[PDB]
>>> print(open('my_file_35.cif').read())   # mmCIF, C-alpha atoms and all ligand atoms
data_data
#
loop_
_atom_site.label_atom_id
_atom_site.label_comp_id
_atom_site.auth_asym_id
_atom_site.auth_seq_id
_atom_site.Cartn_x
_atom_site.Cartn_y
_atom_site.Cartn_z
CA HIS R 4 76.57 79.82 73.66
CA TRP R 5 78.61 82.71 74.91
CA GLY R 6 77.94 86.31 74.03
CA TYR R 7 77.47 89.76 75.53
CA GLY R 8 73.81 89.67 76.60
CA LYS R 9 72.33 89.46 80.08
CA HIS R 10 71.91 85.69 79.84
CA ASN R 11 75.18 84.74 78.13
CA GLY R 12 77.56 87.61 78.84
CA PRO R 13 80.75 88.09 80.86
CA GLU R 14 79.15 87.18 84.22
CA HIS R 15 78.20 83.76 82.85
CA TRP R 16 81.40 82.83 81.01
CA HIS R 17 83.05 81.15 84.02
CA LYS R 18 80.59 78.23 83.94
CA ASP R 19 81.93 76.95 80.61
CA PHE R 20 85.37 78.62 80.92
CA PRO R 21 86.46 78.43 84.58
CA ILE R 22 89.70 80.29 83.75
CA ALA R 23 87.46 83.37 83.63
CA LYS R 24 88.20 83.59 87.39
CA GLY R 25 91.92 82.91 86.88
CA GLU R 26 95.07 84.66 88.02
CA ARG R 27 95.93 86.61 84.83
CA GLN R 28 92.66 87.63 83.20
CA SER R 29 92.16 90.60 80.89
CA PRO R 30 91.24 93.37 80.47
CA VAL R 31 92.34 95.36 83.52
CA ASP R 32 92.17 98.94 84.68
CA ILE R 33 95.52 100.66 84.10
CA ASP R 34 96.11 102.81 87.18
CA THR R 35 98.58 105.28 85.71
CA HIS R 36 100.06 106.33 89.08
CA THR R 37 100.78 102.74 90.15
CA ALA R 38 102.30 101.66 86.80
CA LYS R 39 106.10 101.83 86.94
CA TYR R 40 108.48 102.99 84.21
CA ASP R 41 110.79 100.12 83.24
CA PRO R 42 114.07 101.37 81.70
CA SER R 43 114.92 97.78 80.71
CA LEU R 44 112.11 97.54 78.15
CA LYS R 45 113.82 97.27 74.79
CA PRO R 46 112.54 99.49 71.98
CA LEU R 47 109.24 98.30 70.49
CA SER R 48 109.20 97.41 66.76
CA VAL R 49 105.98 97.35 64.72
CA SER R 50 106.94 96.12 61.22
CA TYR R 51 103.77 96.15 59.12
CA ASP R 52 105.16 97.21 55.72
CA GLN R 53 104.73 93.76 54.11
CA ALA R 54 101.37 92.96 55.68
CA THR R 55 99.05 90.87 53.52
CA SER R 56 95.43 91.22 54.54
CA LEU R 57 93.03 88.61 53.16
CA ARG R 58 89.45 88.87 54.33
CA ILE R 59 87.03 90.49 56.77
CA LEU R 60 84.59 88.29 58.70
CA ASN R 61 81.58 88.98 60.97
CA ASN R 62 81.97 86.16 63.51
CA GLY R 63 78.89 87.04 65.58
CA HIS R 64 80.96 88.73 68.33
CA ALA R 65 83.00 91.32 66.35
CA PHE R 66 84.53 91.54 62.88
CA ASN R 67 88.02 90.21 62.19
CA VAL R 68 90.40 91.43 59.48
CA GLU R 69 92.56 88.39 58.77
CA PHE R 70 96.14 88.27 57.51
CA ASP R 71 98.39 85.78 55.77
CA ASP R 72 100.63 84.57 58.62
CA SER R 73 102.48 81.81 56.69
CA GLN R 74 105.67 83.92 56.70
CA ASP R 75 107.16 86.81 58.65
CA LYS R 76 105.31 89.59 56.88
CA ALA R 77 103.69 91.74 59.56
CA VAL R 78 105.46 91.29 62.89
CA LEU R 79 105.81 92.76 66.36
CA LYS R 80 109.14 92.57 68.19
CA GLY R 81 110.95 94.35 71.02
CA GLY R 82 109.42 96.01 74.03
CA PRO R 83 108.69 93.29 76.57
CA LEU R 84 108.85 90.57 73.91
CA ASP R 85 111.47 87.92 73.23
CA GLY R 86 111.65 86.90 69.58
CA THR R 87 109.07 87.53 66.89
CA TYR R 88 105.27 87.64 66.87
CA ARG R 89 103.29 87.44 63.63
CA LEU R 90 100.08 89.36 63.00
CA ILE R 91 97.13 87.01 62.40
CA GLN R 92 94.08 89.30 62.73
CA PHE R 93 92.73 92.51 64.17
CA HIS R 94 89.30 93.37 65.53
CA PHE R 95 87.61 95.98 67.72
CA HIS R 96 85.35 96.22 70.78
CA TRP R 97 82.93 99.14 71.00
CA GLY R 98 79.96 100.57 72.82
CA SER R 99 76.37 101.60 72.23
CA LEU R 100 77.35 105.15 73.34
CA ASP R 101 80.61 107.09 73.02
CA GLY R 102 81.23 106.88 76.81
CA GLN R 103 81.90 103.14 76.81
CA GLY R 104 83.28 100.42 74.58
CA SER R 105 86.90 99.89 75.55
CA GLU R 106 88.01 96.79 77.48
CA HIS R 107 91.06 98.25 79.16
CA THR R 108 90.45 101.45 81.12
CA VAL R 109 92.93 104.17 82.11
CA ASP R 110 92.38 105.47 85.64
CA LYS R 111 88.85 104.04 85.23
CA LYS R 112 88.27 106.03 82.01
CA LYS R 113 86.44 104.12 79.29
CA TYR R 114 87.14 104.93 75.65
CA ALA R 115 84.59 104.63 72.85
CA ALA R 116 86.31 101.55 71.39
CA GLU R 117 89.48 99.49 71.47
CA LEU R 118 91.46 97.92 68.61
CA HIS R 119 93.25 94.59 69.18
CA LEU R 120 96.03 93.51 66.80
CA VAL R 121 96.61 89.83 67.63
CA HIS R 122 100.03 88.22 67.08
CA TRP R 123 101.48 84.77 67.81
CA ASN R 124 105.00 83.76 68.80
CA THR R 125 106.73 82.15 65.84
CA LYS R 127 108.75 79.81 68.10
CA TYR R 128 105.55 77.72 68.43
CA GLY R 129 104.96 77.27 64.70
CA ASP R 130 101.17 77.90 64.52
CA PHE R 131 98.53 79.92 66.39
CA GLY R 132 96.94 76.76 67.79
CA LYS R 133 100.17 75.66 69.45
CA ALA R 134 100.92 79.21 70.57
CA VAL R 135 97.69 79.31 72.62
CA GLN R 136 98.98 76.39 74.70
CA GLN R 137 101.93 78.52 75.90
CA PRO R 138 102.30 81.24 78.56
CA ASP R 139 104.14 83.49 76.05
CA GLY R 140 102.21 82.39 72.99
CA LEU R 141 100.50 85.66 72.04
CA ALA R 142 101.08 89.41 71.99
CA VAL R 143 98.12 91.76 71.57
CA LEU R 144 98.69 95.41 70.67
CA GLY R 145 95.76 97.38 72.08
CA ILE R 146 94.88 100.86 70.83
CA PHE R 147 92.14 103.08 72.27
CA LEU R 148 89.68 104.94 70.05
CA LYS R 149 88.12 108.27 70.99
CA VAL R 150 85.56 110.18 68.95
CA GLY R 151 86.82 113.31 67.23
CA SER R 152 88.31 113.72 63.77
CA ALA R 153 88.04 110.87 61.27
CA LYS R 154 90.84 108.31 60.97
CA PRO R 155 91.53 108.04 57.22
CA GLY R 156 93.19 104.63 57.57
CA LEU R 157 89.99 103.25 59.09
CA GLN R 158 87.64 104.33 56.32
CA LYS R 159 88.23 101.29 54.10
CA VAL R 160 87.12 99.10 57.01
CA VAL R 161 84.01 101.22 57.64
CA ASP R 162 82.97 101.10 54.01
CA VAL R 163 83.00 97.28 53.76
CA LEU R 164 80.86 96.74 56.86
CA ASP R 165 77.60 96.95 54.89
CA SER R 166 78.67 93.73 53.11
CA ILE R 167 79.27 91.73 56.33
CA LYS R 168 76.25 92.90 58.31
CA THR R 169 75.34 89.52 59.83
CA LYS R 170 77.07 86.62 61.55
CA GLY R 171 78.96 84.36 59.17
CA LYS R 172 79.31 86.85 56.32
CA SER R 173 82.78 87.58 54.93
CA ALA R 174 84.27 89.75 52.17
CA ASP R 175 87.58 90.05 50.37
CA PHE R 176 89.79 92.52 52.19
CA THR R 177 93.12 92.38 50.39
CA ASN R 178 95.63 95.22 50.23
CA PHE R 179 94.67 96.82 53.56
CA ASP R 180 97.54 98.59 55.34
CA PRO R 181 97.28 98.34 59.15
CA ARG R 182 99.91 101.08 59.56
CA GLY R 183 97.03 103.50 59.03
CA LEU R 184 95.47 102.48 62.35
CA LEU R 185 98.42 103.48 64.56
CA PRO R 186 98.82 106.72 66.58
CA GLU R 187 101.99 108.80 66.36
CA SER R 188 103.53 107.57 69.62
CA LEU R 189 104.39 104.00 70.53
CA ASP R 190 104.53 104.75 74.28
CA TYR R 191 102.83 101.82 76.02
CA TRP R 192 101.89 99.92 79.15
CA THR R 193 102.48 96.17 79.34
CA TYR R 194 101.36 93.31 81.57
CA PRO R 195 100.72 89.54 81.34
CA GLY R 196 97.09 88.61 80.68
CA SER R 197 94.59 86.68 78.65
CA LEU R 198 92.29 86.65 75.68
CA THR R 199 89.26 88.79 76.55
CA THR R 200 86.80 86.45 74.81
CA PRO R 201 86.20 82.76 75.48
CA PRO R 202 88.23 80.60 75.77
CA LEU R 203 89.93 83.35 77.85
CA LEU R 204 93.33 81.65 77.54
CA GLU R 205 96.17 83.08 79.65
CA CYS R 206 98.71 83.34 76.85
CA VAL R 207 98.94 87.08 76.14
CA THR R 208 101.59 89.71 76.63
CA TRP R 209 99.46 92.86 76.45
CA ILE R 210 100.96 96.02 74.95
CA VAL R 211 98.47 98.90 75.34
CA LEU R 212 99.39 102.17 73.64
CA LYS R 213 98.97 105.33 75.71
CA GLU R 214 97.97 107.56 72.79
CA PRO R 215 94.43 106.93 71.47
CA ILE R 216 93.55 107.31 67.83
CA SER R 217 90.68 109.61 66.93
CA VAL R 218 87.82 108.32 64.77
CA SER R 219 84.75 110.24 63.68
CA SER R 220 81.25 109.84 65.07
CA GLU R 221 80.15 108.61 61.65
CA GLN R 222 82.87 105.93 61.61
CA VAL R 223 81.87 104.48 64.99
CA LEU R 224 78.17 104.78 64.15
CA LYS R 225 78.78 102.38 61.26
CA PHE R 226 80.34 99.83 63.64
CA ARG R 227 77.07 100.02 65.61
CA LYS R 228 74.98 99.06 62.55
CA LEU R 229 76.51 95.59 62.41
CA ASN R 230 74.46 92.67 63.72
CA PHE R 231 75.28 89.91 66.21
CA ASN R 232 72.61 87.70 64.59
CA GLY R 233 72.68 85.76 61.34
CA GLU R 234 70.78 86.68 58.21
CA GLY R 235 67.03 86.15 58.51
CA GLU R 236 67.08 86.19 62.32
CA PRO R 237 65.73 89.03 64.50
CA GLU R 238 68.06 92.00 64.45
CA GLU R 239 70.36 92.47 67.44
CA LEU R 240 72.74 95.37 66.95
CA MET R 241 76.42 94.53 67.50
CA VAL R 242 77.15 96.99 70.32
CA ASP R 243 78.70 96.68 73.79
CA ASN R 244 80.87 93.71 72.80
CA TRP R 245 83.40 94.43 75.58
CA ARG R 246 84.43 92.57 78.71
CA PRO R 247 84.80 94.79 81.79
CA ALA R 248 88.00 95.12 83.79
CA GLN R 249 89.06 92.05 85.78
CA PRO R 250 91.01 91.76 89.04
CA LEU R 251 94.69 92.63 88.70
CA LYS R 252 95.70 89.98 91.26
CA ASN R 253 99.47 89.39 91.50
CA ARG R 254 100.52 91.58 88.57
CA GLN R 255 102.43 94.80 87.93
CA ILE R 256 101.80 97.02 84.93
CA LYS R 257 104.99 98.44 83.45
CA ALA R 258 105.33 101.64 81.44
CA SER R 259 107.72 102.17 78.53
CA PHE R 260 107.88 105.91 79.20
CA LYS R 261 108.79 108.15 82.13
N1 LIG R 301 89.88 90.20 72.49
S1 LIG R 301 91.13 89.18 72.43
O1 LIG R 301 91.87 89.22 73.64
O2 LIG R 301 91.87 89.49 71.24
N2 LIG R 301 90.46 87.72 72.31
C1 LIG R 301 90.62 86.82 71.34
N3 LIG R 301 91.47 87.04 70.27
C2 LIG R 301 91.69 86.07 69.21
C3 LIG R 301 90.95 84.77 69.43
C4 LIG R 301 91.12 83.71 68.55
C5 LIG R 301 90.43 82.52 68.73
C6 LIG R 301 89.56 82.39 69.79
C7 LIG R 301 89.37 83.43 70.68
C8 LIG R 301 90.08 84.62 70.51
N4 LIG R 301 89.95 85.64 71.44
ZN ZN R 302 89.74 91.81 71.47
#
>>> encode(input="my_file_35.cif", output="structure tokens", more="lines below")
Ligand SMILES: NS(=O)(=O)/N=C1\NCc2ccccc2N1
Ligand SMILES: [Zn+2]
Amino acid sequence: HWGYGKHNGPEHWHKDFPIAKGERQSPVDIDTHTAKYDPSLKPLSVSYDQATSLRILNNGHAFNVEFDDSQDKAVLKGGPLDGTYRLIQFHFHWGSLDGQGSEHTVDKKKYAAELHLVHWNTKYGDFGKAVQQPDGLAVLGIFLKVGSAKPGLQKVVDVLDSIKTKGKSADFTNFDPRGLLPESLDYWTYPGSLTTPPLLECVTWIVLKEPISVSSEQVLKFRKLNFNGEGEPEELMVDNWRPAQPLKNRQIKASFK
């Protein structure tokens, strides 16, 4: 089954998921000089004050923090988006070393990690129907660099010891995702895909320009997670990122001049 190793990683995914070679795959390199400021982009609106987190799960590929999405609690609106997109989960991608780990790159620069806040378009009723639509999803991507600790991340770091292996979960109520955001909401946007199988081309990507800083100790704890299940040989959960894919017939737009 798919993963990030030499025998099941990104270069192999196309055999089971032919869309891997499609026309709007993600991630991409963001060439900052070619991206064009779009004065038509409406203001972006991140409304996370009523977010209701539920649980944290090691799914064998990353860890997901899951939210109650049965009502408009935590939503993303504005920017390139029409209507309202509900937060369903967030997760990260990260490296074995601080010099890699992000999926998107900025003028070919790799960050140490990348946070994905995944949202679905409420016009389609449920996530499963949304991922059959070209405008079904919006993912807010945030780069992580190593420097000072991010206080709003520490509650995540401290629960990781309880979900070390694939299939383990833990209660994760009362987590506030506002604590994961940088100061600025300046962003780049483009149409793309999920970056893990099934690689569905449903996503409006919104990638923030400003990274958050996390401490070396915080990212080191990500790297102590395991891809394997309990009782199986230990394989550290590191380098769970897909590299940049061809931009093809797309333009990246900037919200800022
Ligand atoms: N890295 S990503 O683009 O968020 N990929 C994702 N997100 C959420 C999801 C849900 C179900 C199946 C696959 C995926 N893949
Ligand atoms: Zn992701």
>>> closest_residue(input="my_file_35.cif", among="R:75, R:117, R:41, R:19", to="ligand ZN 302 (chain R)", atoms="only C-alpha atoms and all ligand atoms")
R:117
>>> residues_near_ligand(input="my_file_35.cif", ligand="ligand ZN 302 (chain R)", cutoff="7 Å", atoms="all atoms listed in the file", output="ChimeraX atom specification")
/R:94-96,118-119,199-200
>>> write_last_selection(input="my_file_35.cif", atoms="C-alpha atoms", output="compact mmCIF listing (two decimals), in the frame of the given file")
# COMPACT_ATOMS: atom_id res chain seq x y z
CA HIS R 94 89.30 93.37 65.53
CA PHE R 95 87.61 95.98 67.72
CA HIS R 96 85.35 96.22 70.78
CA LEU R 118 91.46 97.92 68.61
CA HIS R 119 93.25 94.59 69.18
CA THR R 199 89.26 88.79 76.55
CA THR R 200 86.80 86.45 74.81
>>> closest_residue(input="my_file_35.cif", among="R:211, R:59, R:242, R:204", to="ligand LIG 301 (chain R)", atoms="only C-alpha atoms and all ligand atoms")
R:204
>>> axis_aligned_box(input="my_file_35.cif", around="ligand LIG 301 (chain R)", padding_each_side="5 Å", output="lines of an AutoDock Vina configuration file")
center_x = 90.6
center_y = 86.3
center_z = 71.1
size_x = 12.5
size_y = 17.8
size_z = 15.1
>>> residues_around(input="my_file_35.cif", residues="residue 202 (chain R)", least_positions_apart="5", cutoff="9 Å", atoms="only C-alpha atoms", output="PyMOL selection string")
chain R and resi 16+19-20+22-23
>>> build_atoms(input="my_file_35.cif", residues="region 218-242 of chain R", atoms="N, CA, C and O atoms", output="PDB file, in the frame of the given file")
ATOM      1  N   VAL R 218      88.689 108.740  65.857  1.00  0.00           N
ATOM      2  CA  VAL R 218      87.820 108.320  64.770  1.00  0.00           C
ATOM      3  C   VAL R 218      86.588 109.226  64.803  1.00  0.00           C
ATOM      4  O   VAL R 218      86.264 109.818  65.832  1.00  0.00           O
ATOM      5  N   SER R 219      85.892 109.344  63.684  1.00  0.00           N
ATOM      6  CA  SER R 219      84.750 110.240  63.680  1.00  0.00           C
ATOM      7  C   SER R 219      83.489 109.552  64.212  1.00  0.00           C
ATOM      8  O   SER R 219      83.382 108.326  64.234  1.00  0.00           O
ATOM      9  N   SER R 220      82.532 110.377  64.641  1.00  0.00           N
ATOM     10  CA  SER R 220      81.250 109.840  65.070  1.00  0.00           C
ATOM     11  C   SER R 220      80.642 108.957  63.992  1.00  0.00           C
ATOM     12  O   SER R 220      80.105 107.880  64.281  1.00  0.00           O
ATOM     13  N   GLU R 221      80.736 109.387  62.735  1.00  0.00           N
ATOM     14  CA  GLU R 221      80.150 108.610  61.650  1.00  0.00           C
ATOM     15  C   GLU R 221      80.842 107.256  61.491  1.00  0.00           C
ATOM     16  O   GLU R 221      80.189 106.260  61.149  1.00  0.00           O
ATOM     17  N   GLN R 222      82.162 107.205  61.694  1.00  0.00           N
ATOM     18  CA  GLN R 222      82.870 105.930  61.610  1.00  0.00           C
ATOM     19  C   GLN R 222      82.373 104.958  62.682  1.00  0.00           C
ATOM     20  O   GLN R 222      82.041 103.807  62.379  1.00  0.00           O
ATOM     21  N   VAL R 223      82.297 105.404  63.936  1.00  0.00           N
ATOM     22  CA  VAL R 223      81.870 104.480  64.990  1.00  0.00           C
ATOM     23  C   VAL R 223      80.385 104.157  64.864  1.00  0.00           C
ATOM     24  O   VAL R 223      79.962 103.035  65.168  1.00  0.00           O
ATOM     25  N   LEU R 224      79.576 105.091  64.366  1.00  0.00           N
ATOM     26  CA  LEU R 224      78.170 104.780  64.150  1.00  0.00           C
ATOM     27  C   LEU R 224      77.992 103.625  63.165  1.00  0.00           C
ATOM     28  O   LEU R 224      77.072 102.815  63.313  1.00  0.00           O
ATOM     29  N   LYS R 225      78.881 103.504  62.179  1.00  0.00           N
ATOM     30  CA  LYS R 225      78.780 102.380  61.260  1.00  0.00           C
ATOM     31  C   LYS R 225      79.158 101.053  61.908  1.00  0.00           C
ATOM     32  O   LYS R 225      78.574 100.022  61.564  1.00  0.00           O
ATOM     33  N   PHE R 226      80.097 101.045  62.862  1.00  0.00           N
ATOM     34  CA  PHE R 226      80.340  99.830  63.640  1.00  0.00           C
ATOM     35  C   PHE R 226      79.036  99.358  64.291  1.00  0.00           C
ATOM     36  O   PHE R 226      78.745  98.161  64.350  1.00  0.00           O
ATOM     37  N   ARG R 227      78.258 100.307  64.823  1.00  0.00           N
ATOM     38  CA  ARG R 227      77.070 100.020  65.610  1.00  0.00           C
ATOM     39  C   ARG R 227      75.877  99.574  64.762  1.00  0.00           C
ATOM     40  O   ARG R 227      74.842  99.212  65.330  1.00  0.00           O
ATOM     41  N   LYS R 228      76.003  99.574  63.444  1.00  0.00           N
ATOM     42  CA  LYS R 228      74.980  99.060  62.550  1.00  0.00           C
ATOM     43  C   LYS R 228      75.180  97.594  62.188  1.00  0.00           C
ATOM     44  O   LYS R 228      74.300  96.987  61.575  1.00  0.00           O
ATOM     45  N   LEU R 229      76.314  97.019  62.556  1.00  0.00           N
ATOM     46  CA  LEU R 229      76.510  95.590  62.410  1.00  0.00           C
ATOM     47  C   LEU R 229      75.518  94.824  63.277  1.00  0.00           C
ATOM     48  O   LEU R 229      74.895  95.381  64.186  1.00  0.00           O
ATOM     49  N   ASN R 230      75.377  93.528  62.994  1.00  0.00           N
ATOM     50  CA  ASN R 230      74.460  92.670  63.720  1.00  0.00           C
ATOM     51  C   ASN R 230      75.205  91.489  64.356  1.00  0.00           C
ATOM     52  O   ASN R 230      76.076  90.874  63.728  1.00  0.00           O
ATOM     53  N   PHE R 231      74.807  91.140  65.587  1.00  0.00           N
ATOM     54  CA  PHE R 231      75.280  89.910  66.210  1.00  0.00           C
ATOM     55  C   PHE R 231      74.635  88.678  65.561  1.00  0.00           C
ATOM     56  O   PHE R 231      75.241  87.601  65.518  1.00  0.00           O
ATOM     57  N   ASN R 232      73.394  88.810  65.105  1.00  0.00           N
ATOM     58  CA  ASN R 232      72.610  87.700  64.590  1.00  0.00           C
ATOM     59  C   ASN R 232      72.997  87.358  63.155  1.00  0.00           C
ATOM     60  O   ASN R 232      73.632  88.138  62.444  1.00  0.00           O
ATOM     61  N   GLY R 233      72.567  86.166  62.727  1.00  0.00           N
ATOM     62  CA  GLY R 233      72.680  85.760  61.340  1.00  0.00           C
ATOM     63  C   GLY R 233      71.565  86.319  60.483  1.00  0.00           C
ATOM     64  O   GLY R 233      70.558  86.830  60.969  1.00  0.00           O
ATOM     65  N   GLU R 234      71.769  86.223  59.171  1.00  0.00           N
ATOM     66  CA  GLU R 234      70.780  86.680  58.210  1.00  0.00           C
ATOM     67  C   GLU R 234      69.456  85.952  58.431  1.00  0.00           C
ATOM     68  O   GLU R 234      69.431  84.750  58.704  1.00  0.00           O
ATOM     69  N   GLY R 235      68.358  86.698  58.335  1.00  0.00           N
ATOM     70  CA  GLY R 235      67.030  86.150  58.510  1.00  0.00           C
ATOM     71  C   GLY R 235      66.572  85.990  59.942  1.00  0.00           C
ATOM     72  O   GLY R 235      65.415  85.612  60.162  1.00  0.00           O
ATOM     73  N   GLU R 236      67.426  86.257  60.912  1.00  0.00           N
ATOM     74  CA  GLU R 236      67.080  86.190  62.320  1.00  0.00           C
ATOM     75  C   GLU R 236      66.754  87.588  62.831  1.00  0.00           C
ATOM     76  O   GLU R 236      67.069  88.585  62.173  1.00  0.00           O
ATOM     77  N   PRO R 237      66.106  87.700  63.993  1.00  0.00           N
ATOM     78  CA  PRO R 237      65.730  89.030  64.500  1.00  0.00           C
ATOM     79  C   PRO R 237      66.964  89.876  64.774  1.00  0.00           C
ATOM     80  O   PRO R 237      67.975  89.386  65.282  1.00  0.00           O
ATOM     81  N   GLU R 238      66.873  91.157  64.434  1.00  0.00           N
ATOM     82  CA  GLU R 238      68.060  92.000  64.450  1.00  0.00           C
ATOM     83  C   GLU R 238      68.476  92.345  65.868  1.00  0.00           C
ATOM     84  O   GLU R 238      67.673  92.839  66.662  1.00  0.00           O
ATOM     85  N   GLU R 239      69.743  92.089  66.173  1.00  0.00           N
ATOM     86  CA  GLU R 239      70.360  92.470  67.440  1.00  0.00           C
ATOM     87  C   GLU R 239      71.618  93.250  67.081  1.00  0.00           C
ATOM     88  O   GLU R 239      72.583  92.687  66.548  1.00  0.00           O
ATOM     89  N   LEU R 240      71.605  94.548  67.345  1.00  0.00           N
ATOM     90  CA  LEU R 240      72.740  95.370  66.950  1.00  0.00           C
ATOM     91  C   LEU R 240      73.998  94.925  67.681  1.00  0.00           C
ATOM     92  O   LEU R 240      73.973  94.661  68.886  1.00  0.00           O
ATOM     93  N   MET R 241      75.108  94.869  66.945  1.00  0.00           N
ATOM     94  CA  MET R 241      76.420  94.530  67.500  1.00  0.00           C
ATOM     95  C   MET R 241      76.977  95.784  68.166  1.00  0.00           C
ATOM     96  O   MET R 241      77.615  96.622  67.533  1.00  0.00           O
ATOM     97  N   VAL R 242      76.694  95.907  69.466  1.00  0.00           N
ATOM     98  CA  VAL R 242      77.150  96.990  70.320  1.00  0.00           C
ATOM     99  C   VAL R 242      77.472  96.403  71.689  1.00  0.00           C
ATOM    100  O   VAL R 242      76.913  95.372  72.090  1.00  0.00           O
TER     101      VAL R 242
END
